[PDB]
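Here is the structure we will look at.
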Amino acid sequence: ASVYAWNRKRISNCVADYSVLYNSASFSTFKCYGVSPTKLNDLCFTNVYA
Amino acid sequence: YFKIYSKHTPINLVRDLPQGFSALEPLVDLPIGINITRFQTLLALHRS
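Following this line, the structure appears as structure tokens:
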């Protein structure tokens, strides 16, 4: 979607492997602010939105 | 985040609200992410 009408999707009731996101080289920028990138596999979250 | 808190109380007062204390238990945590400014309740008709 366009930036004015950005799409928001809920992620819930799943187990997420973030290691495939860090180790993938396709992303030019992988920058995290309130969480460390390497610690994402060790934490539990709810109400995740993309 | 749309929070629904609910409580059911057995009452026997005829017209107005009873006077007392009853804490509302949290019922539903709803992920909507939309703007809400106006609401309307739904009633049921009886047909004869």
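Quick note, the sequences are listed as chains B and C, same order.
So in the entry's author numbering, the last one in the first sequence is 397, and the numbering has no gaps at all.
So in the entry's author numbering, the last one in the second sequence is 247, and the numbering has no gaps at all.
Idealized CB from N, CA, C, for every residue including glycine.
Is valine 395 of chain B helix, strand or coil when you go by DSSP?
Start at 1 with the first residue of the first sequence, and residue 395 of chain B comes out as number 48. Here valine 395 of chain B sits in strand by DSSP.
Could you give the DSSP three-state label for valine 367 of chain B: helix, strand or coil?
Looking up residue 367 of chain B in the first sequence gives position 20. It is helical.
Assuming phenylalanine 377 of chain B and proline 384 of chain B form a contact by the criterion Cβ under 8 Å, report the distance between their Cβ atoms to the nearest whole angstrom.
Translated into positions along the first sequence, residue 377 of chain B becomes position 30. Translated into positions along the first sequence, residue 384 of chain B becomes position 37. With a Cβ gap of about 6 Å, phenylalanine 377 of chain B and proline 384 of chain B count as contacting.
Pull out every residue of the region 376–397 of chain B whose Cβ sits closer than 8 Å to any Cβ of chain C, in chain order.
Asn394 and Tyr396
What separation, rounded to the nearest whole angstrom, lies between the Cα atoms of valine 395 of chain B and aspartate 215 of chain C?
Here residue 395 of chain B refers to the residue found at position 48 when the first sequence is read from its first residue. Here residue 215 of chain C refers to the residue found at position 16 when the second sequence is read from its first residue. Approximately 43 Å between the Cα atoms of the pair.
Does the region 221–230 of chain C come within contact of the region 201–213 of chain C, defined as at least 3 CB pairs closer than 8 Å?
yes
Is there at least one Cβ from chain B nearer than 8 Å to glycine 219 of chain C's Cβ?
Sequence index remark: in the second sequence, residue 219 of chain C carries index 20 (1-based). False, the Cβ-Cβ gap to chain B never drops below 8 Å.
Going along the region 228–244 of chain C in order, which residues come within less than 9 Å of chain B, judged by CB to CB distance?
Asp228, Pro230 and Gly232
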